[PDB]
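Structure record follows, encoded as structure tokens.
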Amino acid sequence: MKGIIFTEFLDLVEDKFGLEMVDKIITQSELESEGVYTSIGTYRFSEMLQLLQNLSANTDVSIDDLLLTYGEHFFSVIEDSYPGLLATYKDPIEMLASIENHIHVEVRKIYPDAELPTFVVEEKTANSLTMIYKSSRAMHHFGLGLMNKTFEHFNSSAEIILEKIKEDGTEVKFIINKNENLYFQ
Ligand code: HEM
């Protein structure tokens with residue numbers, strides 16, 4: 001895992017739960033880095049899993065909801081760091097169907113040591129998209145938060161249903177349906 005994921009996450013923990021919680025989940029965790037990360041650094045995901053599990057136990061917020069909130073926050077990091085890559089797309093469904101064969105291809109050029117999930121499109125229309133998410137890190141809700149903000153970026157919204165094919169969240173079917181445009185709301 002790249003260090004930018006660690007630094008932005010602990011920034012969000014400090015922003016939402018306080019600096020003492022940042023020190024707490026770091027103290028409860030070991031952690032070859034010992035809690036010191038750099039943006040271009042490469043660290044084991046087991047470090048992040050410890051940080052998430054300890055934060056969830058301390059705050060009583062599920063890892064699902066913590067990763068969802070973080071995934072939504074990380075879209076703003078994408079907005080401010082790669083606006084040209086984001087400006088390539090004009091439709092949220094087309095962008096999400098382009099994560100595997102374009103977006104994360106560019107990410108591997110940024111970070112050659114990147115450890116990324118796989119997204120496989122099984123069905124796609126103009127307002128629907130079904131993809132299979134596969135990753136040993138089971139960060140489906142991190143991707144869900146990024147998907148939520150992808151639709152928000154294009155002034156849209158979507159119902160996104162997650163079906164865990166493997167119970168540990170390492171294979172998840174995403175059923176994305178752009179919402180009814182309630183034009184008379
Ligand atoms: C242009 C926009 C995007 C940029 C710049 C980007 C860059 C990354 C980076 C840097 C990482 C961390 C890699 C590592 O730690 O080695 C990453 C991991 C991830 N990204 Fe992308 N990403 C982008 C669009 C998406 C979108 C839209 C989704 C939602 C489906 C997405 C779902 C993920 C997930 C779920 C992970 C966690 C790793 C895993 O699941 O195994 N990304 N991305």
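By convention in this document, the chains of the structure tokens carry letters A, B, ... by their order, each chain's residues are numbered from 1, and ligands are numbered from 1 in the order they are shown.
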
**Request:** Could you please extract the residues within 6 Å of ligand 1, counting only C-alpha atoms and all ligand atoms, and hand them back as a VMD selection string?
**Result:** chain A and resid 1 to 2 5 78 85 to 86 96 103 107 114 to 117 135 137 139 to 140 142 to 144 146 to 147

**Request:** Select from stretch 77-158 of chain A everything DSSP, run on the backbone, classes as strand (DSSP E), then give the selection as a PyMOL selection string.
**Result:** chain A and resi 118-124+128-134+158

**Message:** Based on the backbone DSSP call, show me all residues of chain A assigned alpha helix (DSSP H), as a PyMOL selection string.
**Reply:** chain A and resi 3-17+19-27+45-59+63-81+83-87+92-96+104-110+140-153

**Contacts of residue A:38 within 7 Å, only C-alpha atoms, excl. fewer than 2 positions in-chain, as a ChimeraX atom specification** = /A:3-4,40-41

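Atom CA of residue A:8 sits 10.2 Å away from atom CA of residue A:37.
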
**Prompt:** Counting only C-alpha atoms, what is within 12 Å of residue A:181, bar same-chain residues fewer than 2 positions away, as a list in words?
**Reply:** residues 127, 155, 156, 157, 158, 177, 178, 179, 183, 184 and 185 of chain A

Let's have the selection written as a PDB file, in the first residue's frame, with N, CA, C and O atoms.
ATOM      1  N   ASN A 127     -26.952   3.765 -18.179  1.00  0.00           N
ATOM      2  CA  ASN A 127     -27.268   4.131 -16.805  1.00  0.00           C
ATOM      3  C   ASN A 127     -27.164   2.952 -15.843  1.00  0.00           C
ATOM      4  O   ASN A 127     -27.672   3.044 -14.718  1.00  0.00           O
ATOM      5  N   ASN A 155     -22.897  15.483 -11.006  1.00  0.00           N
ATOM      6  CA  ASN A 155     -24.232  15.956 -10.636  1.00  0.00           C
ATOM      7  C   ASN A 155     -25.279  14.860 -10.829  1.00  0.00           C
ATOM      8  O   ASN A 155     -26.356  15.079 -11.389  1.00  0.00           O
ATOM      9  N   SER A 156     -24.947  13.662 -10.354  1.00  0.00           N
ATOM     10  CA  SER A 156     -25.815  12.502 -10.482  1.00  0.00           C
ATOM     11  C   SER A 156     -25.766  11.709  -9.183  1.00  0.00           C
ATOM     12  O   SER A 156     -25.055  12.062  -8.237  1.00  0.00           O
ATOM     13  N   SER A 157     -26.538  10.626  -9.142  1.00  0.00           N
ATOM     14  CA  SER A 157     -26.558   9.730  -7.996  1.00  0.00           C
ATOM     15  C   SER A 157     -26.937   8.340  -8.482  1.00  0.00           C
ATOM     16  O   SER A 157     -27.499   8.174  -9.567  1.00  0.00           O
ATOM     17  N   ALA A 158     -26.624   7.337  -7.666  1.00  0.00           N
ATOM     18  CA  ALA A 158     -26.846   5.960  -8.078  1.00  0.00           C
ATOM     19  C   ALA A 158     -27.156   5.088  -6.873  1.00  0.00           C
ATOM     20  O   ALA A 158     -26.661   5.323  -5.767  1.00  0.00           O
ATOM     21  N   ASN A 177     -26.804   1.273 -10.473  1.00  0.00           N
ATOM     22  CA  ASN A 177     -27.931   1.747 -11.271  1.00  0.00           C
ATOM     23  C   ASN A 177     -28.112   3.235 -11.010  1.00  0.00           C
ATOM     24  O   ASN A 177     -28.439   3.634  -9.887  1.00  0.00           O
ATOM     25  N   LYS A 178     -27.895   4.052 -12.039  1.00  0.00           N
ATOM     26  CA  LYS A 178     -28.111   5.485 -11.903  1.00  0.00           C
ATOM     27  C   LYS A 178     -29.573   5.760 -11.578  1.00  0.00           C
ATOM     28  O   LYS A 178     -30.482   5.190 -12.185  1.00  0.00           O
ATOM     29  N   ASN A 179     -29.791   6.641 -10.607  1.00  0.00           N
ATOM     30  CA  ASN A 179     -31.103   6.794 -10.002  1.00  0.00           C
ATOM     31  C   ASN A 179     -32.096   7.441 -10.963  1.00  0.00           C
ATOM     32  O   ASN A 179     -31.729   8.123 -11.925  1.00  0.00           O
ATOM     33  N   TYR A 183     -37.064  14.866 -11.773  1.00  0.00           N
ATOM     34  CA  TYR A 183     -37.004  16.212 -12.331  1.00  0.00           C
ATOM     35  C   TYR A 183     -38.056  17.142 -11.746  1.00  0.00           C
ATOM     36  O   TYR A 183     -37.849  18.360 -11.738  1.00  0.00           O
ATOM     37  N   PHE A 184     -39.179  16.603 -11.270  1.00  0.00           N
ATOM     38  CA  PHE A 184     -40.246  17.400 -10.682  1.00  0.00           C
ATOM     39  C   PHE A 184     -40.200  17.403  -9.157  1.00  0.00           C
ATOM     40  O   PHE A 184     -41.217  17.672  -8.509  1.00  0.00           O
ATOM     41  N   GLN A 185     -39.041  17.112  -8.576  1.00  0.00           N
ATOM     42  CA  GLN A 185     -38.879  17.099  -7.127  1.00  0.00           C
ATOM     43  C   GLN A 185     -38.697  18.514  -6.586  1.00  0.00           C
ATOM     44  O   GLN A 185     -39.078  18.814  -5.454  1.00  0.00           O
TER      45      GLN A 185
END

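Using only C-alpha atoms for every distance, the candidate list A:68, A:105, A:110, A:176 yields A:176 as the residue closest to residue A:132.
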
**Request:** Tell me, as a VMD selection string, which residues lie within 12 Å of stretch 44-51 of chain A, counting only C-alpha atoms; anything in the same chain fewer than 3 positions away does not count.
**Result:** chain A and resid 1 to 10 13 21 to 37 41 54 to 59 63 66 to 67 113 to 116 135 to 139

Those same residues, written as a CSV table (one decimal), in the first residue's frame with N, CA and C atoms?
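In the end it all went to part-v7.csv:
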chain,number,residue,atom,x,y,z
A,1,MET,N,0.8,-1.2,0.0
A,1,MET,CA,0.0,0.0,0.0
A,1,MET,C,0.9,1.3,0.0
A,2,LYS,N,0.5,2.2,-0.8
A,2,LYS,CA,1.3,3.5,-0.9
A,2,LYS,C,1.0,4.3,0.3
A,3,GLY,N,2.0,5.1,0.6
A,3,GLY,CA,1.9,6.0,1.8
A,3,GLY,C,0.9,7.1,1.8
A,4,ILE,N,0.5,7.5,0.6
A,4,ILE,CA,-0.5,8.5,0.5
A,4,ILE,C,-1.9,8.0,1.1
A,5,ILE,N,-2.1,6.7,1.0
A,5,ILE,CA,-3.3,6.1,1.6
A,5,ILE,C,-3.2,6.2,3.1
A,6,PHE,N,-2.0,6.0,3.7
A,6,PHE,CA,-1.9,6.1,5.1
A,6,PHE,C,-2.0,7.5,5.6
A,7,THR,N,-1.3,8.4,4.9
A,7,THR,CA,-1.3,9.8,5.4
A,7,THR,C,-2.6,10.5,5.3
A,8,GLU,N,-3.4,10.3,4.2
A,8,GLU,CA,-4.7,10.9,4.1
A,8,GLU,C,-5.7,10.2,5.1
A,9,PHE,N,-5.5,8.9,5.4
A,9,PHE,CA,-6.4,8.2,6.4
A,9,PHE,C,-6.2,8.8,7.8
A,10,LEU,N,-4.9,8.9,8.2
A,10,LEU,CA,-4.7,9.4,9.6
A,10,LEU,C,-5.0,10.9,9.7
A,13,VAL,N,-8.6,10.7,10.4
A,13,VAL,CA,-8.8,10.2,11.8
A,13,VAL,C,-8.6,11.4,12.7
A,21,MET,N,-6.8,9.9,19.3
A,21,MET,CA,-7.2,8.6,18.7
A,21,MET,C,-6.2,8.2,17.7
A,22,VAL,N,-5.5,9.1,17.0
A,22,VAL,CA,-4.5,8.8,16.0
A,22,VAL,C,-3.3,8.1,16.8
A,23,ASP,N,-2.9,8.7,17.9
A,23,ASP,CA,-1.9,8.1,18.7
A,23,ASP,C,-2.3,6.8,19.3
A,24,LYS,N,-3.6,6.6,19.6
A,24,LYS,CA,-4.1,5.4,20.3
A,24,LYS,C,-4.0,4.2,19.3
A,25,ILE,N,-4.6,4.4,18.1
A,25,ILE,CA,-4.6,3.3,17.2
A,25,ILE,C,-3.2,2.9,16.7
A,26,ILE,N,-2.3,3.9,16.7
A,26,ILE,CA,-0.9,3.7,16.4
A,26,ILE,C,-0.3,2.9,17.5
A,27,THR,N,-0.5,3.3,18.8
A,27,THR,CA,0.0,2.6,19.9
A,27,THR,C,-0.5,1.2,20.0
A,28,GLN,N,-1.8,1.0,19.7
A,28,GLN,CA,-2.3,-0.4,19.8
A,28,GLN,C,-1.9,-1.3,18.6
A,29,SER,N,-1.1,-0.7,17.6
A,29,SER,CA,-0.7,-1.4,16.4
A,29,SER,C,0.8,-1.5,16.3
A,30,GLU,N,1.2,-2.7,15.8
A,30,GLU,CA,2.6,-2.9,15.5
A,30,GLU,C,2.7,-3.7,14.2
A,31,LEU,N,3.0,-3.1,13.0
A,31,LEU,CA,3.5,-1.7,12.6
A,31,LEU,C,5.0,-1.6,12.6
A,32,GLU,N,5.6,-2.1,11.5
A,32,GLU,CA,7.0,-2.0,11.2
A,32,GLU,C,7.4,-0.5,11.0
A,33,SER,N,6.5,0.2,10.3
A,33,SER,CA,6.7,1.7,10.1
A,33,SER,C,6.7,2.4,11.4
A,34,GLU,N,6.1,1.9,12.5
A,34,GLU,CA,5.9,2.6,13.8
A,34,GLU,C,5.1,3.8,13.6
A,35,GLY,N,4.2,3.9,12.6
A,35,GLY,CA,3.3,5.0,12.5
A,35,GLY,C,3.8,6.2,11.7
A,36,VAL,N,5.0,6.1,11.1
A,36,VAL,CA,5.5,7.2,10.3
A,36,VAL,C,5.5,6.8,8.8
A,37,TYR,N,4.8,7.6,8.0
A,37,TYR,CA,4.6,7.3,6.6
A,37,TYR,C,4.9,8.5,5.8
A,41,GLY,N,6.1,6.4,0.0
A,41,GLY,CA,6.5,5.1,0.6
A,41,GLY,C,5.6,4.0,0.3
A,54,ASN,N,-8.4,-1.3,15.0
A,54,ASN,CA,-8.3,-0.7,16.3
A,54,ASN,C,-9.2,0.6,16.3
A,55,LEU,N,-9.3,1.3,15.2
A,55,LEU,CA,-10.1,2.5,15.1
A,55,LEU,C,-11.6,2.0,15.3
A,56,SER,N,-12.0,0.9,14.6
A,56,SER,CA,-13.3,0.4,14.7
A,56,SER,C,-13.7,0.0,16.2
A,57,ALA,N,-12.8,-0.6,16.8
A,57,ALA,CA,-13.0,-1.0,18.2
A,57,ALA,C,-13.1,0.2,19.1
A,58,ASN,N,-12.3,1.2,18.9
A,58,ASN,CA,-12.2,2.3,19.8
A,58,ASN,C,-13.5,3.2,19.6
A,59,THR,N,-13.9,3.4,18.3
A,59,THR,CA,-14.9,4.3,18.0
A,59,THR,C,-16.3,3.7,17.9
A,63,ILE,N,-15.9,-1.0,10.3
A,63,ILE,CA,-14.8,-0.8,9.3
A,63,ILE,C,-15.5,-0.5,7.9
A,66,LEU,N,-16.2,3.3,8.1
A,66,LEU,CA,-15.0,4.0,8.2
A,66,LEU,C,-14.3,4.1,6.8
A,67,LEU,N,-14.3,2.9,6.1
A,67,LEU,CA,-13.7,2.9,4.7
A,67,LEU,C,-14.6,3.7,3.7
A,113,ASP,N,5.0,0.5,-7.8
A,113,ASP,CA,4.8,-0.4,-6.7
A,113,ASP,C,3.3,-0.5,-6.2
A,114,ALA,N,2.4,0.1,-6.9
A,114,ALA,CA,1.0,0.1,-6.5
A,114,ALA,C,0.4,-1.3,-6.4
A,115,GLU,N,-0.4,-1.5,-5.4
A,115,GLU,CA,-1.1,-2.7,-5.2
A,115,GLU,C,-2.6,-2.4,-5.3
A,116,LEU,N,-3.2,-2.7,-6.5
A,116,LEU,CA,-4.5,-2.3,-6.9
A,116,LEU,C,-5.5,-3.5,-7.0
A,135,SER,N,-10.1,-8.3,-4.5
A,135,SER,CA,-8.9,-7.8,-3.9
A,135,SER,C,-8.7,-8.5,-2.5
A,136,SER,N,-7.5,-9.0,-2.2
A,136,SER,CA,-7.3,-9.6,-0.9
A,136,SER,C,-7.5,-8.7,0.2
A,137,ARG,N,-7.5,-7.4,0.0
A,137,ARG,CA,-7.6,-6.4,1.0
A,137,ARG,C,-9.0,-6.1,1.4
A,138,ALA,N,-10.0,-6.5,0.6
A,138,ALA,CA,-11.4,-6.4,0.9
A,138,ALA,C,-11.8,-5.0,1.3
A,139,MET,N,-11.4,-4.0,0.4
A,139,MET,CA,-11.7,-2.6,0.6
A,139,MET,C,-12.8,-2.2,-0.3
